[PDB]
Amino acid sequence: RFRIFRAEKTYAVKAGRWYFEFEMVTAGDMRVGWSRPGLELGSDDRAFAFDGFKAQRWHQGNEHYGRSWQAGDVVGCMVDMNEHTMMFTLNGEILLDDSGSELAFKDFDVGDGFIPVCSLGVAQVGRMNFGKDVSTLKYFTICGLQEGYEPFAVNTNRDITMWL
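The deposited coordinates for this entry were obtained by X-ray crystallography, with a reported resolution of 1.4361 Å.

Taking the PDB entry as the reference, the protein chain is identified by name as Ryanodine receptor 2 belonging to Mus musculus.

If you want it as C-alpha cells, here you go:
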C-alpha cells in the first residue's frame, strides 16, 4: 500500500502565499502537492500534485509537466491562494508545462483551503519539510523567499484558539 502524509487539517490555508519542500532519497513513484482537507494523488479533484517519477502534473488526471527527478533532489511547492496558482521547483529551478508556463495549476477554487500532501510508493523514501527551521530549507532562498512565499511552518506555530 501507498503511504500518504499530510499536514494536520486544522492548518489548511485559504489565503496567502505558502511554501514547503519535499526531499527525496529515492527517485521512484512519489507525488507531492496540495490536498483539500476532508486514491493516487491528483487522479481526482481532491489534490493537485507533481509526479516527478513520470514528469506529470495531476489534478483530475495527468498531463506532462516539468521533468523527472533524481535521487537526492528537492521539490519546492508554492501556492498563491489569492491569485489561485501553484508552481513547483526542482532543485530551485521553476518547472514549466508544455505551453512554457510556470503555472502548474491555476484558477482553482479556494473551497476549504489546502494542506501539504505527499505520497510514497513501494520502497520510496522522501519527506516534507515545512521549514519550522527555515535554515533547513534547501532552495527557498533561491526561489520562494524573494517571491513572497512563507514556509508552511509559519502557519503551524500557533496551537491555541479563542472562543467568545
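K.L.:
Quick question: what am I supposed to make of the pattern of salt bridges here?
P.N.:
Enumeration according to the criterion identifies six salt bridges in this entry. Note that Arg57 and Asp97 form a salt bridge whose closest N and O atoms lie 3.0 Å from each other. Here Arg57 is found in strand β5 (residues 56-58), whereas its partner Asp97 is found in the loop between β9 (93-94) and β10 (105-106), with 40 residues between them in sequence. Given the relative accessible area of 10%, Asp97 is considered buried. A salt bridge links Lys106 to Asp107, with the shortest nitrogen-to-oxygen separation between them at 3.6 Å. The exposed category is assigned to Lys106, whose relative accessible area is 52%.

K.L.:
I keep staring at the sheet that holds strand β4 (residues 47-51) and nothing clicks. Help me out?
P.N.:
Note: strands within a sheet are paired through backbone hydrogen bonds, in either parallel or antiparallel orientation. Reading across from one edge, β1-β11-β3-β4-β5-β6 is the order of the six strands in this open sheet, with antiparallel pairing throughout. A single partner strand is all that each edge strand has here, and the edge strands are β1 (3-6) and β6 (62-64). Sheet twist, expressed as the average angle between the axes of neighbouring strands with direction ignored, equals 20°. Summarising the sheet, strand β3 (residues 30-35) and strand β11 (residues 115-120) pair through six bridges and their orientation is antiparallel.

K.L.:
It is not clear to me how the side chain of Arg57 should be interpreted in this structure. Could you clarify?
P.N.:
In this structure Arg57 comes out as buried when scored by relative accessible area, which is 13%. There is a polar contact of 3.0 Å between the side chain of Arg57 and the side chain of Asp97. Polar side-chain contacts of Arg57 include one of 3.4 Å to the backbone oxygen of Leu103.

K.L.:
Can you help me understand unusual backbone geometry in this one?
P.N.:
Most of the time, phi is negative for any residue but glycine, and the peptide bond is trans. Backbone geometry at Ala55 places phi at a positive 65°, although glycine is not the residue there. Non-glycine residue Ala123 carries a positive phi angle of around 70°. In this structure, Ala123 sits in the loop between β11 and β12 (126-129).

K.L.:
Explain the environment of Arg36 to me, please; I cannot follow it from the model alone.
P.N.:
Relative to the elements of secondary structure, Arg36 occurs in the loop between β3 and β4. Residues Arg36 and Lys9, spaced 27 residues apart in sequence, show a C-alpha to C-alpha distance of 8.7 Å. Apart from residues lying up to four places away in sequence, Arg36 is in contact with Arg6, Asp45, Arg46, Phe48, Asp109, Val110, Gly111, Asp112, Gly113 and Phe114.

About the thresholds
Residues numbered from 1 in each chain as written, not as in the entry; some residues may be left out. Heavy atoms only, no water. Residues with missing side-chain atoms left out of burial classes, pairs and counts. Salt bridge = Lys/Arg side-chain N within 4 Å of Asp/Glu carboxyl O. Helix = DSSP H or I, 4+ residues; strand = E, 2+ residues; numbered from the N terminus. Buried < 20%, exposed > 50% of the residue type's maximum accessible area, 1.4 Å probe, protein only. Pairing = 2+ DSSP bridges. Axes fitted to C-alpha atoms, helices over the stretch in contact; angles between N-to-C directions. Polar contact = N/O pair within 3.5 Å; in protein donor to acceptor, adjacent residues only side chain to side chain. Contact = heavy atoms within 4.5 Å.

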